Amino acid sequence: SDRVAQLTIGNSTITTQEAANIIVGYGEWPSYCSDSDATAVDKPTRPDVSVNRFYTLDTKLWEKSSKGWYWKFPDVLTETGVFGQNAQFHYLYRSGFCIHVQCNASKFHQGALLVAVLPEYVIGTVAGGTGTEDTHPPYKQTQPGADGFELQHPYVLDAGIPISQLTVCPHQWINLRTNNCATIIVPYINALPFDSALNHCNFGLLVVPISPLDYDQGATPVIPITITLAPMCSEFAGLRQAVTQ
Amino acid sequence: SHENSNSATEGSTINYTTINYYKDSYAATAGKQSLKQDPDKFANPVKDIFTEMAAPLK
Amino acid sequence: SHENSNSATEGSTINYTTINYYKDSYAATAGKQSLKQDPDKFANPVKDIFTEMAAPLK
Amino acid sequence: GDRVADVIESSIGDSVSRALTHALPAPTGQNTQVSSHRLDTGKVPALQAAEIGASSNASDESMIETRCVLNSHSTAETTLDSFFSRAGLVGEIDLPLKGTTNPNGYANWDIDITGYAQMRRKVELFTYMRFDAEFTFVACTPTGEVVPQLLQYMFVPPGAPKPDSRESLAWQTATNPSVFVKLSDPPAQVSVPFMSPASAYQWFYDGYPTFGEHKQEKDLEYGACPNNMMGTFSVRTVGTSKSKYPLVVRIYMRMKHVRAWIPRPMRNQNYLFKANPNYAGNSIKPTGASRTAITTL
Amino acid sequence: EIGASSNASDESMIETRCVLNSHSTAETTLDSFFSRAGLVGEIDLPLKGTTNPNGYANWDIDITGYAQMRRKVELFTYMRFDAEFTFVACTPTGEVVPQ
Amino acid sequence: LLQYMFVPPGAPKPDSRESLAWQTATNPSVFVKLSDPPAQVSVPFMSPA
Amino acid sequence: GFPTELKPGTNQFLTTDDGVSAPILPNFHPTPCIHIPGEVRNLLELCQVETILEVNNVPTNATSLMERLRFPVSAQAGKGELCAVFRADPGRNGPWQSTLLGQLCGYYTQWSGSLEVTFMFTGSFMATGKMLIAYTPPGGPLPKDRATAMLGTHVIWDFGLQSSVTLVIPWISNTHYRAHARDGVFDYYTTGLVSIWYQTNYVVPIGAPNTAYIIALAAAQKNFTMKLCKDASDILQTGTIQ
Amino acid sequence: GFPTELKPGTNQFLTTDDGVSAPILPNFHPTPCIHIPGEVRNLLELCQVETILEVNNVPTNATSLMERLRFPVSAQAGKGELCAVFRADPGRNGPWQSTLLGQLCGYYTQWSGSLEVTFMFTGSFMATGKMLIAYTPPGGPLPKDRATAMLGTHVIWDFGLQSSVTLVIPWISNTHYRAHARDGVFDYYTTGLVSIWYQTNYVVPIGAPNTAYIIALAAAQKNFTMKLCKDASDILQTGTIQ
Amino acid sequence: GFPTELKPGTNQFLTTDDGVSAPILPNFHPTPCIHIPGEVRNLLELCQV
Amino acid sequence: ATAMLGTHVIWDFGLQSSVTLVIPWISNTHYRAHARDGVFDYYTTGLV
Ligand SMILES: Cc1cccc(-c2ccc(OCCCCCN3CCN(c4ccncc4)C3=O)cc2)c1
Ligand SMILES: Cc1cccc(-c2ccc(OCCCCCN3CCN(c4ccncc4)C3=O)cc2)c1
Ligand code: NA
Ligand code: NA
Ligand code: NA
Ligand code: NA
Ligand code: NA
Ligand code: NA
């Protein structure tokens, strides 16, 4: 009655029989931009059902030695479906998201994934090891697209900050003995009313195993983690030709 | 006073009590802020709230 | 205060709100001016005004 | 006009962001209420489900037998203004005589406060911040001596000409704001408004400032947001001839009327560069002290 | 040809949304633009010199010897105003002396 | 020119004239010249008792 | 006397401090102010007045400077050929520097608002034609062809009794204000591009010039405002002015 | 002029003085403030959010740092064996330094309030067990055995559908506030010890891991407050930051 | 600014001057004061013992 | 990834042994005749 759940938006429906409730980041639901907060004058386009639906973009395999991964929003979707097209044809974009991370196993497996959302997740580099070289992460690392990217040093989140404090951000845990999924709703977060979906990633989705996956020889060893997400209250403005970056 | 409203906190849910001698409000002192707090925004951002007495997973 | 009216803006269509400690008003601060504007004086100084919807040369 | 039902009943356009929580007044710590033994079934405060993502709701009263305590301890010192409105060093500018850096009697400093760890770590606790500020300029010789020297500080906003010398025409300062003051005088001090084109400054910007290909040579721009670049701070000794004394200008910032959004984990590795969160890969240290075993102090 | 600027607005050229513009027009008032002290005169009193080696000097009050200020006021043909004058003195090195 | 800094228990005590602690981002400090009048400040009752 | 205590700032001279200073001439009364036409109260009044935009900012020899004030159109081969292009950034180096709007813009760090450019055809009465004028919001590269430009905000101009047409460059930004854009990270504040194409063709009968010129006049819309007063990028003096 | 007299303090610069200073930009109006989610008003809001407590703060090589985030439990010999221990002092070097509470704590000289640590079991669904978690107020030395620990404040945790349990470390002090405790006379402000013991045993059937981990999350209760603002003990910079 | 004129006494430090000085810890609130026996209000109370 | 772009359901095994996929009526015509290879594929319903 808090374990069972159904999420329906657009022409897509998700079900789960082992949930752990739903998190609504910073305590507020996504909303369209008000006439007082707005600044751009053109009438926006709000595609509704064709873009605010569930997209299942990627699957990773959880292994006894996995370090963890991250994805950037809206980067992950910029090249998928009608959402992607709208994000490419328009300069300005804004939306919220419903993120549903899936991972099931058996009552004999164990492990815990921390699923969190970190706004303005700026990536850093190891600075040449000694810290004397002022290196910078390449485009493929800051905006990894749908395949996401694996954390090199999860302890400091590849950005010099403790993962132990990541719980100060909207999050849920996927503790196999308890639940098989995480659901996080996120409102638009920025210091501007709209922004480029291409040049700016509003937040990052982190999936990091804090308690290692484990099981005995003979139990299914392939434990996938799948990422499904749905834009919410999408708005676009500043129309012109399509641009990929 | 009859000054400009150019303070970084103009229109905040927490009102301030400050001092100033110039026509621009941002020159004013920091003053006293209002003591409101909303811990739940971060500590309990759940949709369907769960009681203390009951077991969290019903 | 009961001072002299020797300010360069004495009798202006835009009233000011200023501070002063001397008997001569021109010593006063610049203060705040009134926010009135008359763009048409320069941008549209035409005798017989022409609408937006209509064609300017009837 | 509208007619088909799905349109009439749609929520497309709702600008009222529904909020699940509201702030309540809390001037003092919460009190403790008397409690007694409870030997109940069904009732279980101690048990939780951290997976949900929420912190424990269990209180003292439900875990042990408590007395009544009237807590009048104040929560005033933990407000944003209380924590941040304390002047701290954010910039140091040298004006030596015989030198390698600024041996010309003037200097330009890009207004960025991330070159000092104490202040930086504090503000980086939040993602977005909006505030006014009070800046204080402390000048003296390298020994801390005070000398009869007149200086000019000029704020050069983006787009305004940066002086290229002690005699530059830009020092006419007909529109930029400048401060003329002597080292013998007390520190110069002024109030600065919130100047970003954005509704808030942001210590972290996960993106690029422009469109196009983001090749190796342009990666220096990842994380650069113009909205945080307020301009240049220019200083010069006021004369057409070189000053007789070597000078140092320390810049202190005291934020006021502060608002912050989105708390983040706090920096735990030494800072290396102003522009990024790069850390020394070969010296990743634990966040704190360590011990030999988990069963010993 | 009429001599007037276009009356066409955003609303009539494209489909616009509603925007509540609270951006202030305060900083573009005459006083806001001009009430900023700027250099308008420099006077030398050297010891051994060609100009004023006698310990005194006369300066005709004309502010047109400095480009920044001059260009600003020359935007208008007629101007009426009061003014605040500040005199900053020091040696050529910027040193302060008991004089 | 001198700098006086109040270092409460638990705050880093400067170990030199150039210590980073002098950034005084949170501790209260007073910068003043010997030429100026004596520095003066008010201190509250600070004990945990 | 009364107990006071000097705070920092004491003795400093802030050029923008709006203070009170002693009057040198007590009881002096200024000459009364008669009525003078054309009083301006706010610089924004001037920004709404159209001035000539030097779209054709290529000629540089003194004898050809006047040519910058107008660009041409002439009979083509009907392939939707490109006529001219320019950035819409008003406070950026380029065409806009010839306009009063651009100059006044230089005294402010940030601006916000819609812009407008009115094009006046000065060809013969017998010349006709249709042009496509487009505005490409940020992110869109210089349109390679008319088909691409056509995807943005645009106007299709038809020559006739009404000599001019107005292209509105609507405010489409991510931020409430834009700082002056320039190559580098500040290109973040770029406004976009304006391109002019031949929709049909410049047609003319026997006996009329095969080439005519267009004059562009630009100004700001009524939602335009500026803030954060600064010194202009130019200082029009080399040595001392004598 | 008006008779005044300068008092001591004159000309001094107190970094925490809340005074009034002249505005550099007269009539400047800041960009309006739109709505942004997650506004925090008081640091105490953050102290109530649980973050991971590094009870297992022993591994130090980079490749094992993530192991500090969780400690283990496994089948024993049923002798009420000890599982782990740690001081409850939140502003002291040790496990608490990994928590946001501990870090924010470092910016204040004194604190007061009850604390809470929630333990989450991450073993398999088929694993069961009962643990005894105790809090030993000041004066009580590290409990030599479970029987001794049991005499203090404690909780007996039973594994089940509810993965976690909460140990409340109630405020039990002689003073209204505690300063940061450390070896020496300041141990006077120590909060106490927390020890974890096996009440029963970690039992598991055939086919399930004999070792599972527990993750500890700690935060403050609603009666928690801090005072006397100070600089944190760490300064995260070696040389100049370039 | 406002016309003032410094009088003698300016800058002096009188040890018994009961003046106002800037607070070093803004918004700091002292530990509450519990009841303690034997509070003395005036030295004359002691002279009668 | 391609299938995911259409109408779908994500089924999770549990106490509830079954799940229901609704194949909503999405046609151009009010009625469909029986579809078969050829011009009558015009009335095809789609793929699952
Ligand atoms: C009359 C005068 C003379 C000399 C200096 C000034 C002056 C100096 C600085 C002023 O700007 C203060 C800006 C404070 C915030 C700076 N920020 C905002 C965001 N930020 C940042 C840094 C690095 N990454 C991201 C953001 C910053 O470093 C205002 C006036 C004024
Ligand atoms: C007690 C004291 C000591 C020393 C100086 C002064 C003082 C100096 C100048 C004063 O005059 C200020 C005049 C400001 C406007 C000057 N104008 C007005 C018109 N104008 C101008 C220049 C070139 N072409 C046309 C007009 C100028 O240069 C008043 C008092 C007063
Ligand atoms: Na005066
Ligand atoms: Na004065
Ligand atoms: Na007198
Ligand atoms: Na001041
Ligand atoms: Na006296
Ligand atoms: Na004082």
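As you go down the protein sequences, you meet chains A, B, C, D, E, F, G, H, I and J in turn.
Heads up: the first sequence is residues 10 to 254, going by the entry's author numbering.
Heads up: the second sequence is residues 12 to 69, going by the entry's author numbering.
Heads up: the third sequence is residues 12 to 69, going by the entry's author numbering.
Heads up: the fourth sequence is residues 1 to 297, going by the entry's author numbering.
Heads up: the fifth sequence is residues 51 to 149, going by the entry's author numbering.
Heads up: the sixth sequence is residues 150 to 198, going by the entry's author numbering.
Heads up: the seventh sequence is residues 1 to 242, going by the entry's author numbering.
Heads up: the eighth sequence is residues 1 to 242, going by the entry's author numbering.
Heads up: the ninth sequence is residues 1 to 49, going by the entry's author numbering.
Heads up: the tenth sequence is residues 147 to 194, going by the entry's author numbering.
Yeah, the Cβ is synthetic: ideal placement off N, Cα and C, and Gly gets one too.
- Contact fails between the segment 54 to 63 of chain D and the segment 83 to 100 of chain D, because fewer than three Cβ pairs, one in each stretch, are under 8 Å apart.
- Within the segment 110 to 148 of chain G, the complete beta strand (DSSP E) runs of at least 3 residues fall at 115 to 121, 130 to 136.
- Straight-line spacing of the CA atoms in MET64/B and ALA46/D works out to 9 Å.
- At a cut-off of 7 Å, the beta-carbon of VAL50/A does not count as near ligand 6: no heavy atom of the ligand is closer than that.
- The segment 198 to 215 of chain G and the segment 118 to 127 of chain G touch, with three or more beta-carbon pairs separated by less than 8 Å.
- By the 16-neighbour rule on beta-carbons within 10 angstroms, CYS47/I is exposed.
- Taking a C-beta distance under 8 Å as the contact criterion, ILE32/A and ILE219/A do not qualify as a contact pair.
- Annotated three-state conformation of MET119/E is helix, per DSSP.
- Taking every residue with its beta carbon within less than 5 Å of a heavy atom belonging to ligand 6 gives, in chain order, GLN189/D, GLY9/G, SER21/H, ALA22/H.
- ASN71/E reaches chain G at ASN223, counting residues in chain order whose Cβ is nearer than 7 Å.
- Exclusion of the five residues before and after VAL194/G leaves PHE86, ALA88, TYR135 as the residues of its chain whose Cβ lies within less than 6 Å of its Cβ.
- DSSP, read as helix, strand or coil, puts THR63/G in helix.
- In the structure shown, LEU89/E falls within a coil segment according to DSSP collapsed to helix, strand and coil.
- In this structure, DSSP gives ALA239/A an extended state, which the three-state scheme calls strand.
- In this structure, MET119/D has its beta carbon at no less than 7 Å from each heavy atom of ligand 1.
- The three-state reading of DSSP puts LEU14/I in coil, since its state is none of H, G, I, E or B.
- Distances from the CB of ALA133/E to the heavy atoms of ligand 2 include at least one below 7 Å.
- If you keep only unbroken alpha helix (DSSP H) runs of at least 4 residues inside the segment 111 to 189 of chain D, you get 117 to 123.
- The set of residues with CB atoms less than 5 Å from any heavy atom of ligand 2 reads, in chain order, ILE111/E, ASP112/E, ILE113/E, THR114/E, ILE24/G.
- In this structure, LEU150/D sits away from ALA139/D, with a CB-CB distance that is not shorter than 8 Å.
- At a cut-off of 8 Å between beta carbons, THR20/C makes no contact with chain B.
- For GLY1/H, the Cβ falls inside the 7 Å cut-off from some heavy atom of ligand 5.
- Shown here, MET226/H sits in a strand according to DSSP, grouped into three states.
- Within the chosen limit of 7 Å, ligand 5 does not reach the beta carbon of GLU5/H with any heavy atom.
- In this chain, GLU14/B is not harboured by any beta strand (DSSP E), its DSSP state being neither H nor E.
- A residue is called buried once 16 or more other Cβ atoms fall within 10 Å of its Cβ, and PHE2/H, having fewer, is exposed.
- Using a Cβ-Cβ cut-off of 8 Å, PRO163/D does not count as an interface residue toward chain A, since no Cβ of chain A sits closer than that to its own.
- The C-beta of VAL13/A comes no closer than 8 Å to any C-beta of chain E.
- Those residues of the segment 31 to 47 of chain I placed with their C-beta closer than 7 Å to a C-beta in chain H are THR31, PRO32, ordered along the chain.
- In the three-state DSSP reduction, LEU101/G falls in the helix class (H, G or I).
- Under the three-state reduction of DSSP, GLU21/C is assigned to coil, being neither helix nor strand.
- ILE241/G belongs to the set of residues whose beta carbon lies under 8 Å from a beta carbon in chain E.
- If you look at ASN184/A, you'll find it in the beta strand (DSSP E) that goes 180 to 184.
- Judged by DSSP secondary structure, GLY105/A falls within the beta strand (DSSP E) whose first and last residues are 99 to 111.
- The alpha helix (DSSP H) runs lying completely inside the segment 39 to 68 of chain C and spanning 4 residues or more are 51 to 54, given in chain order.
- By the criterion of a C-beta distance shorter than 8 Å, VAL231/A is surrounded in its chain by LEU70, once the five residues flanking it on both sides are discounted.
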